[PDB]
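Report on the following structure.
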There are 2 protein chains.
Amino acid sequence: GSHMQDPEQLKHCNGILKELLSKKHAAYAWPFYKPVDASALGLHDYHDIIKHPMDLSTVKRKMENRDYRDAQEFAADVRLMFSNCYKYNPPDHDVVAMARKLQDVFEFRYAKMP
Amino acid sequence: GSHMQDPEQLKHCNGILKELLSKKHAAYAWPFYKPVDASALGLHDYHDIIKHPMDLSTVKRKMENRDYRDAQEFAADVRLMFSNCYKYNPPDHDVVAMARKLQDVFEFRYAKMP
Ligand SMILES: Cn1c(=O)c2[nH]cnc2n(C)c1=O
Ligand SMILES: Cn1c(=O)c2[nH]cnc2n(C)c1=O
Ligand SMILES: Cn1c(=O)c2[nH]cnc2n(C)c1=O
Ligand SMILES: Cn1c(=O)c2[nH]cnc2n(C)c1=O
């Protein structure tokens with residue numbers, strides 16, 4: 001059920017999303033900008049292992065289209081994106097190191113929800 | 001709607017929970033074992049800042065009582081527990097360092113969901 005706080009909480013989510021896409025974090029956010037192109041990257045098992053792909057451009061489209069009804073729905077998609085990275089790649093992969101840094105940005109600001 | 005995979009996914013969640021409570025992680029998991037006793041700790045603003053407290057003993061009770069209907073519901077509570085820590089405490093607090101380590105244990109194993 002919609003709560004009167006949902007629009008303002010979704011604005012905070014949109015602010016987080018803008019930050020995740022901003023130049024400040026680009027050195028470690030770039031793998032998450034667009035859907036994994038598994039074939040182009042030679043990751044021919046990606047879609048067998050990752051049944052629910054997610055990336056920031058998809059989160060952005062869903063925000064713009066008002067798909068997310070509350071902050072929790074938005075956060076679940078962002079976390080799914082990171083979990084897919086942790087599931088698919090070995091834990092010492094540089095993309096995992098980047099995911100952990102970007103997820104720290106996300107989690108600490110999401111925790112500051114007004 | 002319940003899916004036939006939900007019992008086995010909740011068993012994986014229960015395994016994660018058991019690991020989070022195990023001696024292997026006790027050096028950094030202990031702050032999360034029981035509800036924050038705000039008055040006893042002198043944290044007299046805790047319940048003004050944290051509107052939804054969560055801790056591992058509460059997650060355990062909810063698992064034992066079949067409160068969680070799927071893995072996503074379980075994960076949201078575990079993540080709420082960590083987010084409360086990130087919200088309430090300064091980011092250099094030792095309890096935050098412990099939360100980040102325990103959350104890494106959680107996220108990497110949750111990502112290995114069968
Ligand atoms: C360093 N780096 C890369 O190595 C890379 N590869 C693809 N986009 C990239 N971007 C945006 C980037 O900043
Ligand atoms: C998200 N992601 C991955 O998980 C990954 N694994 C290997 N290359 C990868 N690339 C380029 C990527 O963007
Ligand atoms: C080190 N340490 C502590 O400092 C502590 N304080 C309360 N429980 C505690 N436990 C279980 C612990 O291991
Ligand atoms: C979870 N948590 C906290 O967030 C915290 N902040 C200060 N002491 C704290 N303690 C003992 C604690 O258990």
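Residues in the structure tokens are numbered from 1 in each chain, the chains being A, B, ... in the order shown, and ligands are numbered from 1 in the order shown.
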
Note to self: Should the cut-off be 8 Å, what would the residue list for chain B against chain A look like, counting only C-alpha atoms, as JSON, numbers by chain?
What the structure shows: {"B": [83, 84, 86, 87, 107, 108, 110, 111, 112]}

Residues within 9 Å of ligand 2 should be enumerated using only C-alpha atoms and all ligand atoms and returned as a PDB file with N, CA and C atoms, in the first residue's frame.
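Done, and the output landed in pocket_7.pdb:
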ATOM      1  N   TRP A  30      31.745   2.080 -13.693  1.00  0.00           N
ATOM      2  CA  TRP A  30      31.521   1.846 -15.118  1.00  0.00           C
ATOM      3  C   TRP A  30      31.045   0.441 -15.485  1.00  0.00           C
ATOM      4  N   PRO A  31      31.457  -0.650 -14.819  1.00  0.00           N
ATOM      5  CA  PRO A  31      30.934  -1.969 -15.225  1.00  0.00           C
ATOM      6  C   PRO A  31      29.441  -2.106 -15.050  1.00  0.00           C
ATOM      7  N   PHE A  32      28.824  -1.224 -14.270  1.00  0.00           N
ATOM      8  CA  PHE A  32      27.427  -1.326 -13.884  1.00  0.00           C
ATOM      9  C   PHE A  32      26.549  -0.354 -14.646  1.00  0.00           C
ATOM     10  N   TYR A  33      27.116   0.374 -15.606  1.00  0.00           N
ATOM     11  CA  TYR A  33      26.354   1.388 -16.327  1.00  0.00           C
ATOM     12  C   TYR A  33      25.324   0.769 -17.269  1.00  0.00           C
ATOM     13  N   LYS A  34      25.651  -0.350 -17.908  1.00  0.00           N
ATOM     14  CA  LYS A  34      24.820  -0.929 -18.954  1.00  0.00           C
ATOM     15  C   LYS A  34      24.700  -2.428 -18.726  1.00  0.00           C
ATOM     16  N   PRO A  35      23.698  -3.080 -19.329  1.00  0.00           N
ATOM     17  CA  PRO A  35      23.580  -4.536 -19.176  1.00  0.00           C
ATOM     18  C   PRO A  35      24.856  -5.232 -19.613  1.00  0.00           C
ATOM     19  N   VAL A  36      25.223  -6.281 -18.879  1.00  0.00           N
ATOM     20  CA  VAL A  36      26.344  -7.120 -19.288  1.00  0.00           C
ATOM     21  C   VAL A  36      26.066  -7.654 -20.684  1.00  0.00           C
ATOM     22  N   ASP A  37      26.985  -7.390 -21.614  1.00  0.00           N
ATOM     23  CA  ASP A  37      26.907  -7.952 -22.962  1.00  0.00           C
ATOM     24  C   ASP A  37      27.722  -9.236 -22.930  1.00  0.00           C
ATOM     25  N   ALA A  38      27.057 -10.325 -22.545  1.00  0.00           N
ATOM     26  CA  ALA A  38      27.775 -11.558 -22.246  1.00  0.00           C
ATOM     27  C   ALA A  38      28.506 -12.093 -23.471  1.00  0.00           C
ATOM     28  N   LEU A  41      31.619 -10.091 -24.378  1.00  0.00           N
ATOM     29  CA  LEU A  41      32.679 -10.264 -23.400  1.00  0.00           C
ATOM     30  C   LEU A  41      33.179 -11.700 -23.318  1.00  0.00           C
ATOM     31  N   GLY A  42      32.604 -12.614 -24.093  1.00  0.00           N
ATOM     32  CA  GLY A  42      33.012 -14.003 -24.023  1.00  0.00           C
ATOM     33  C   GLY A  42      32.509 -14.742 -22.809  1.00  0.00           C
ATOM     34  N   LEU A  43      31.516 -14.191 -22.117  1.00  0.00           N
ATOM     35  CA  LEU A  43      30.969 -14.794 -20.902  1.00  0.00           C
ATOM     36  C   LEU A  43      29.762 -15.657 -21.272  1.00  0.00           C
ATOM     37  N   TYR A  46      27.060 -16.681 -18.794  1.00  0.00           N
ATOM     38  CA  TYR A  46      26.519 -15.652 -17.908  1.00  0.00           C
ATOM     39  C   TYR A  46      25.024 -15.835 -17.680  1.00  0.00           C
ATOM     40  N   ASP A  55      21.256  -3.748 -14.057  1.00  0.00           N
ATOM     41  CA  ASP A  55      22.319  -2.761 -14.216  1.00  0.00           C
ATOM     42  C   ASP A  55      21.703  -1.382 -14.006  1.00  0.00           C
ATOM     43  N   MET A  81      21.774  -6.316  -8.739  1.00  0.00           N
ATOM     44  CA  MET A  81      22.889  -6.028  -9.632  1.00  0.00           C
ATOM     45  C   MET A  81      24.220  -6.415  -8.995  1.00  0.00           C
ATOM     46  N   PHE A  82      24.442  -5.997  -7.749  1.00  0.00           N
ATOM     47  CA  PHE A  82      25.695  -6.347  -7.087  1.00  0.00           C
ATOM     48  C   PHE A  82      25.785  -7.846  -6.822  1.00  0.00           C
ATOM     49  N   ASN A  84      24.527 -10.274  -8.494  1.00  0.00           N
ATOM     50  CA  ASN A  84      24.859 -10.980  -9.727  1.00  0.00           C
ATOM     51  C   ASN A  84      26.360 -10.967  -9.966  1.00  0.00           C
ATOM     52  N   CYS A  85      27.002  -9.833  -9.682  1.00  0.00           N
ATOM     53  CA  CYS A  85      28.445  -9.722  -9.833  1.00  0.00           C
ATOM     54  C   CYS A  85      29.158 -10.677  -8.887  1.00  0.00           C
ATOM     55  N   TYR A  86      28.715 -10.716  -7.623  1.00  0.00           N
ATOM     56  CA  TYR A  86      29.324 -11.611  -6.639  1.00  0.00           C
ATOM     57  C   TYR A  86      29.080 -13.079  -6.968  1.00  0.00           C
ATOM     58  N   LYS A  87      27.950 -13.388  -7.605  1.00  0.00           N
ATOM     59  CA  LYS A  87      27.636 -14.768  -7.958  1.00  0.00           C
ATOM     60  C   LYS A  87      28.469 -15.244  -9.136  1.00  0.00           C
ATOM     61  N   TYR A  88      28.580 -14.412 -10.168  1.00  0.00           N
ATOM     62  CA  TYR A  88      29.166 -14.865 -11.418  1.00  0.00           C
ATOM     63  C   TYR A  88      30.688 -14.932 -11.351  1.00  0.00           C
ATOM     64  N   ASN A  89      31.323 -13.937 -10.724  1.00  0.00           N
ATOM     65  CA  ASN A  89      32.766 -13.777 -10.815  1.00  0.00           C
ATOM     66  C   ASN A  89      33.466 -14.360  -9.598  1.00  0.00           C
ATOM     67  N   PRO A  90      34.717 -14.795  -9.749  1.00  0.00           N
ATOM     68  CA  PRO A  90      35.502 -15.164  -8.574  1.00  0.00           C
ATOM     69  C   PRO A  90      35.685 -13.967  -7.667  1.00  0.00           C
ATOM     70  N   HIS A  93      38.193 -11.100  -8.502  1.00  0.00           N
ATOM     71  CA  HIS A  93      38.118 -10.398  -9.779  1.00  0.00           C
ATOM     72  C   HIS A  93      38.069  -8.889  -9.550  1.00  0.00           C
ATOM     73  N   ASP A  94      38.715  -8.118 -10.431  1.00  0.00           N
ATOM     74  CA  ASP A  94      38.695  -6.667 -10.242  1.00  0.00           C
ATOM     75  C   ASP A  94      37.285  -6.095 -10.349  1.00  0.00           C
ATOM     76  N   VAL A  95      36.399  -6.731 -11.116  1.00  0.00           N
ATOM     77  CA  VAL A  95      35.034  -6.214 -11.183  1.00  0.00           C
ATOM     78  C   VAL A  95      34.320  -6.373  -9.846  1.00  0.00           C
ATOM     79  N   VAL A  96      34.643  -7.431  -9.098  1.00  0.00           N
ATOM     80  CA  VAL A  96      34.103  -7.607  -7.753  1.00  0.00           C
ATOM     81  C   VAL A  96      34.622  -6.527  -6.814  1.00  0.00           C
ATOM     82  N   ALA A  99      32.584  -3.562  -7.625  1.00  0.00           N
ATOM     83  CA  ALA A  99      31.242  -3.715  -7.078  1.00  0.00           C
ATOM     84  C   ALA A  99      31.213  -3.414  -5.589  1.00  0.00           C
TER      85      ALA A  99
END

Notebook entry, point to check: If you count only C-alpha atoms, which residues fall within 9 Å of range 63-67 of chain B, apart from same-chain ones fewer than 2 positions away, as a list in words?
Noted result: residues 10, 13, 14, 58, 59, 60, 61, 69 and 74 of chain B

Looking only at the backbone, which of the residues in chain B does DSSP tag as helix (DSSP H, G or I), as a compact mmCIF listing (two decimals) with N, CA, C and O atoms, in the first residue's frame?
# COMPACT_ATOMS: atom_id res chain seq x y z
N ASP B 6 10.81 -22.01 -2.97
CA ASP B 6 10.94 -21.21 -1.75
C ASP B 6 11.44 -22.02 -0.56
O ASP B 6 12.34 -21.53 0.14
N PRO B 7 10.94 -23.25 -0.24
CA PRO B 7 11.52 -24.00 0.88
C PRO B 7 13.04 -24.18 0.77
O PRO B 7 13.72 -23.96 1.75
N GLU B 8 13.55 -24.59 -0.40
CA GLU B 8 15.00 -24.86 -0.53
C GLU B 8 15.77 -23.54 -0.44
O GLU B 8 16.85 -23.53 0.16
N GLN B 9 15.22 -22.47 -1.01
CA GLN B 9 15.91 -21.16 -0.89
C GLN B 9 15.95 -20.73 0.58
O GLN B 9 16.97 -20.19 1.01
N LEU B 10 14.86 -20.97 1.31
CA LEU B 10 14.85 -20.62 2.76
C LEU B 10 15.82 -21.52 3.53
O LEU B 10 16.32 -21.07 4.57
N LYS B 11 16.06 -22.76 3.08
CA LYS B 11 17.09 -23.56 3.74
C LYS B 11 18.46 -22.95 3.54
O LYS B 11 19.28 -22.93 4.47
N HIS B 12 18.74 -22.44 2.34
CA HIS B 12 20.00 -21.74 2.13
C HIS B 12 20.10 -20.52 3.04
O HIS B 12 21.14 -20.29 3.66
N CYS B 13 19.00 -19.76 3.16
CA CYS B 13 18.97 -18.63 4.08
C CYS B 13 19.24 -19.08 5.52
O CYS B 13 19.98 -18.42 6.26
N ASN B 14 18.63 -20.19 5.94
CA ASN B 14 18.87 -20.68 7.29
C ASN B 14 20.33 -21.07 7.47
O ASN B 14 20.90 -20.87 8.55
N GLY B 15 20.94 -21.65 6.44
CA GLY B 15 22.36 -21.97 6.53
C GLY B 15 23.21 -20.73 6.69
O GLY B 15 24.14 -20.70 7.51
N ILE B 16 22.92 -19.68 5.91
CA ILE B 16 23.61 -18.41 6.06
C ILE B 16 23.47 -17.89 7.48
O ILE B 16 24.44 -17.46 8.10
N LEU B 17 22.24 -17.92 8.01
CA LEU B 17 21.99 -17.41 9.36
C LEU B 17 22.82 -18.17 10.39
O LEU B 17 23.43 -17.57 11.28
N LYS B 18 22.84 -19.51 10.28
CA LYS B 18 23.66 -20.32 11.16
C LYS B 18 25.13 -19.91 11.06
O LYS B 18 25.81 -19.76 12.07
N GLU B 19 25.62 -19.69 9.84
CA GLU B 19 27.00 -19.25 9.68
C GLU B 19 27.23 -17.89 10.34
O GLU B 19 28.26 -17.68 11.00
N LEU B 20 26.30 -16.95 10.17
CA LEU B 20 26.49 -15.62 10.75
C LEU B 20 26.59 -15.69 12.27
O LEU B 20 27.25 -14.85 12.89
N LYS B 23 30.92 -19.56 15.52
CA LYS B 23 32.14 -19.08 16.16
C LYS B 23 33.12 -18.48 15.15
O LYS B 23 33.86 -17.55 15.47
N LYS B 24 33.10 -18.98 13.91
CA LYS B 24 34.00 -18.51 12.87
C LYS B 24 33.94 -16.99 12.71
O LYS B 24 34.97 -16.34 12.46
N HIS B 25 32.76 -16.40 12.85
CA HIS B 25 32.58 -14.97 12.63
C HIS B 25 32.33 -14.18 13.91
O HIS B 25 32.01 -12.99 13.83
N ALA B 26 32.49 -14.81 15.07
CA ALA B 26 32.05 -14.17 16.31
C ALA B 26 32.82 -12.89 16.63
O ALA B 26 32.29 -12.03 17.35
N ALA B 27 34.05 -12.75 16.15
CA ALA B 27 34.83 -11.56 16.51
C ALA B 27 34.21 -10.28 15.97
O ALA B 27 34.41 -9.20 16.54
N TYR B 28 33.45 -10.36 14.88
CA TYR B 28 32.78 -9.20 14.31
C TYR B 28 31.26 -9.34 14.23
O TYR B 28 30.59 -8.35 13.93
N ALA B 29 30.70 -10.51 14.53
CA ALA B 29 29.25 -10.68 14.48
C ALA B 29 28.56 -10.33 15.79
O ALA B 29 27.35 -10.08 15.79
N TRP B 30 29.29 -10.34 16.91
CA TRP B 30 28.66 -10.22 18.21
C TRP B 30 27.75 -9.00 18.40
O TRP B 30 26.74 -9.13 19.10
N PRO B 31 28.03 -7.82 17.82
CA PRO B 31 27.09 -6.69 18.03
C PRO B 31 25.71 -6.94 17.47
O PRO B 31 24.77 -6.24 17.85
N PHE B 32 25.57 -7.93 16.59
CA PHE B 32 24.34 -8.18 15.85
C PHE B 32 23.58 -9.37 16.39
O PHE B 32 22.54 -9.72 15.84
N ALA B 38 19.41 0.11 23.80
CA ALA B 38 19.84 1.49 23.65
C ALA B 38 20.06 2.16 25.00
O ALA B 38 21.07 2.84 25.21
N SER B 39 19.12 1.97 25.93
CA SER B 39 19.24 2.59 27.25
C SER B 39 20.49 2.10 27.97
O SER B 39 21.24 2.89 28.55
N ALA B 40 20.73 0.78 27.94
CA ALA B 40 21.89 0.22 28.63
C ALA B 40 23.20 0.74 28.06
O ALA B 40 24.17 0.92 28.81
N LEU B 41 23.24 1.00 26.76
CA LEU B 41 24.43 1.48 26.08
C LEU B 41 24.55 3.00 26.08
O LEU B 41 25.53 3.53 25.55
N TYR B 46 18.74 6.37 19.95
CA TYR B 46 18.73 5.27 18.99
C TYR B 46 17.35 5.07 18.38
O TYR B 46 17.22 4.93 17.16
N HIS B 47 16.31 5.04 19.21
CA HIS B 47 14.97 4.76 18.70
C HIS B 47 14.31 5.96 18.05
O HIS B 47 13.29 5.80 17.38
N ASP B 48 14.88 7.15 18.20
CA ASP B 48 14.44 8.28 17.39
C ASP B 48 15.00 8.20 15.98
O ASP B 48 14.36 8.66 15.03
N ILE B 49 16.19 7.63 15.82
CA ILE B 49 16.88 7.57 14.54
C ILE B 49 16.56 6.28 13.80
O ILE B 49 16.43 6.28 12.57
N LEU B 56 20.07 -10.36 14.62
CA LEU B 56 20.07 -11.76 14.19
C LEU B 56 19.16 -12.64 15.04
O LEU B 56 18.64 -13.63 14.54
N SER B 57 18.99 -12.33 16.33
CA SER B 57 18.08 -13.16 17.13
C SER B 57 16.65 -13.00 16.65
O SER B 57 15.86 -13.96 16.72
N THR B 58 16.29 -11.81 16.17
CA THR B 58 14.96 -11.59 15.64
C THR B 58 14.79 -12.29 14.29
O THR B 58 13.76 -12.91 14.03
N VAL B 59 15.82 -12.21 13.43
CA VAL B 59 15.80 -12.98 12.18
C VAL B 59 15.63 -14.46 12.47
O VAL B 59 14.85 -15.16 11.81
N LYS B 60 16.35 -14.97 13.48
CA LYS B 60 16.27 -16.39 13.82
C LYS B 60 14.86 -16.77 14.28
O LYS B 60 14.31 -17.79 13.85
N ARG B 61 14.26 -15.94 15.14
CA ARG B 61 12.89 -16.21 15.59
C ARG B 61 11.93 -16.22 14.42
O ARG B 61 11.05 -17.09 14.33
N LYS B 62 12.08 -15.26 13.50
CA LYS B 62 11.20 -15.21 12.34
C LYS B 62 11.40 -16.42 11.44
O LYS B 62 10.43 -16.94 10.88
N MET B 63 12.64 -16.90 11.27
CA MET B 63 12.85 -18.12 10.50
C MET B 63 12.20 -19.31 11.18
O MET B 63 11.50 -20.10 10.54
N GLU B 64 12.41 -19.45 12.49
CA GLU B 64 11.86 -20.60 13.21
C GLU B 64 10.33 -20.62 13.17
O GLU B 64 9.73 -21.70 13.16
N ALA B 71 13.15 -16.01 0.25
CA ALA B 71 14.50 -15.57 0.54
C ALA B 71 14.62 -14.05 0.53
O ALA B 71 15.37 -13.48 1.33
N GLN B 72 13.90 -13.39 -0.37
CA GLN B 72 13.99 -11.93 -0.47
C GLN B 72 13.55 -11.26 0.83
O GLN B 72 14.13 -10.26 1.25
N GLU B 73 12.50 -11.79 1.47
CA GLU B 73 12.02 -11.23 2.73
C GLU B 73 13.08 -11.37 3.82
O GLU B 73 13.31 -10.44 4.60
N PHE B 74 13.73 -12.54 3.88
CA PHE B 74 14.83 -12.75 4.82
C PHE B 74 15.96 -11.77 4.56
O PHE B 74 16.46 -11.11 5.49
N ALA B 75 16.38 -11.65 3.30
CA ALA B 75 17.51 -10.78 2.98
C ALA B 75 17.21 -9.33 3.32
O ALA B 75 18.10 -8.60 3.77
N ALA B 76 15.98 -8.89 3.10
CA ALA B 76 15.64 -7.51 3.42
C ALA B 76 15.83 -7.22 4.91
O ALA B 76 16.28 -6.13 5.28
N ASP B 77 15.48 -8.18 5.78
CA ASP B 77 15.67 -7.98 7.22
C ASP B 77 17.15 -7.97 7.60
O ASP B 77 17.57 -7.13 8.41
N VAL B 78 17.95 -8.88 7.04
CA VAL B 78 19.38 -8.86 7.33
C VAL B 78 19.98 -7.54 6.89
O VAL B 78 20.77 -6.92 7.62
N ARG B 79 19.60 -7.07 5.70
CA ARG B 79 20.14 -5.81 5.20
C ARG B 79 19.65 -4.62 6.02
O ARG B 79 20.40 -3.65 6.20
N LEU B 80 18.42 -4.68 6.52
CA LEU B 80 17.91 -3.63 7.39
C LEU B 80 18.77 -3.51 8.64
O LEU B 80 19.10 -2.40 9.07
N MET B 81 19.13 -4.65 9.24
CA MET B 81 20.01 -4.67 10.40
C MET B 81 21.31 -3.93 10.12
O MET B 81 21.74 -3.08 10.90
N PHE B 82 21.95 -4.23 8.99
CA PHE B 82 23.20 -3.54 8.66
C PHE B 82 22.96 -2.06 8.38
O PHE B 82 23.73 -1.21 8.83
N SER B 83 21.91 -1.74 7.62
CA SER B 83 21.62 -0.34 7.31
C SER B 83 21.39 0.48 8.58
O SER B 83 21.80 1.64 8.65
N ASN B 84 20.72 -0.11 9.58
CA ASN B 84 20.53 0.62 10.83
C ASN B 84 21.87 0.99 11.45
O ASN B 84 22.03 2.09 11.98
N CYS B 85 22.83 0.07 11.39
CA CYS B 85 24.16 0.33 11.91
C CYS B 85 24.82 1.47 11.15
O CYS B 85 25.42 2.38 11.75
N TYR B 86 24.73 1.44 9.81
CA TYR B 86 25.32 2.49 8.99
C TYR B 86 24.63 3.84 9.19
O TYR B 86 25.26 4.89 9.03
N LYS B 87 23.33 3.82 9.50
CA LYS B 87 22.59 5.06 9.71
C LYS B 87 22.93 5.69 11.05
O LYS B 87 23.12 6.91 11.14
N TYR B 88 22.98 4.88 12.10
CA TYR B 88 23.09 5.43 13.45
C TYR B 88 24.50 5.89 13.78
O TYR B 88 24.68 6.93 14.42
N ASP B 94 33.98 1.43 15.21
CA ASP B 94 34.38 0.03 15.08
C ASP B 94 33.19 -0.89 14.83
O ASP B 94 33.35 -1.94 14.19
N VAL B 95 32.00 -0.53 15.32
CA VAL B 95 30.85 -1.39 15.05
C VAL B 95 30.49 -1.38 13.57
O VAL B 95 30.01 -2.38 13.03
N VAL B 96 30.71 -0.24 12.89
CA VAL B 96 30.52 -0.17 11.45
C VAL B 96 31.52 -1.04 10.71
O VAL B 96 31.17 -1.72 9.74
N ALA B 97 32.79 -1.04 11.16
CA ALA B 97 33.77 -1.94 10.56
C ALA B 97 33.34 -3.39 10.70
O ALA B 97 33.48 -4.19 9.76
N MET B 98 32.80 -3.75 11.87
CA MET B 98 32.32 -5.10 12.08
C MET B 98 31.12 -5.41 11.18
O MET B 98 31.05 -6.49 10.59
N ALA B 99 30.19 -4.46 11.07
CA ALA B 99 29.04 -4.64 10.19
C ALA B 99 29.48 -4.89 8.76
O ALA B 99 28.93 -5.76 8.07
N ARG B 100 30.45 -4.12 8.27
CA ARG B 100 30.87 -4.28 6.88
C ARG B 100 31.45 -5.67 6.65
O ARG B 100 31.21 -6.29 5.61
N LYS B 101 32.22 -6.18 7.61
CA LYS B 101 32.78 -7.51 7.47
C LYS B 101 31.69 -8.58 7.49
O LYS B 101 31.68 -9.49 6.66
N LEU B 102 30.75 -8.47 8.44
CA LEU B 102 29.69 -9.46 8.50
C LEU B 102 28.78 -9.37 7.28
O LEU B 102 28.32 -10.40 6.76
N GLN B 103 28.53 -8.15 6.79
CA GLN B 103 27.71 -8.02 5.59
C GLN B 103 28.39 -8.62 4.37
O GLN B 103 27.72 -9.19 3.50
N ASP B 104 29.72 -8.54 4.29
CA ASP B 104 30.43 -9.22 3.21
C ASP B 104 30.21 -10.72 3.27
O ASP B 104 29.94 -11.36 2.25
N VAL B 105 30.32 -11.31 4.47
CA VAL B 105 30.01 -12.74 4.62
C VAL B 105 28.62 -13.02 4.09
O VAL B 105 28.40 -13.95 3.30
N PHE B 106 27.65 -12.22 4.52
CA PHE B 106 26.27 -12.42 4.12
C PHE B 106 26.08 -12.29 2.61
O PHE B 106 25.50 -13.17 1.97
N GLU B 107 26.54 -11.18 2.03
CA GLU B 107 26.23 -10.92 0.63
C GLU B 107 26.87 -11.95 -0.29
O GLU B 107 26.27 -12.36 -1.29
N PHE B 108 28.10 -12.35 0.00
CA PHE B 108 28.74 -13.30 -0.90
C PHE B 108 28.08 -14.67 -0.84
O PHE B 108 27.95 -15.34 -1.86
N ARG B 109 27.61 -15.09 0.34
CA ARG B 109 26.94 -16.38 0.41
C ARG B 109 25.50 -16.30 -0.10
O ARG B 109 25.01 -17.25 -0.72
N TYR B 110 24.80 -15.20 0.18
CA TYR B 110 23.46 -15.03 -0.37
C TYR B 110 23.49 -15.07 -1.90
O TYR B 110 22.57 -15.59 -2.53

Margin query: Here is a test: counting only C-alpha atoms and all ligand atoms, which residue of B:70, B:45, B:114, B:2 is nearest to ligand 4?
Written below: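 Of B:70, B:45, B:114, B:2, the one nearest ligand 4 is B:45, counting only C-alpha atoms and all ligand atoms.
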
Margin query: Can you measure CA of residue 68 in chain A to CA of residue 54 in chain A for me? One decimal in Å is fine.
Written below: 14.1 Å
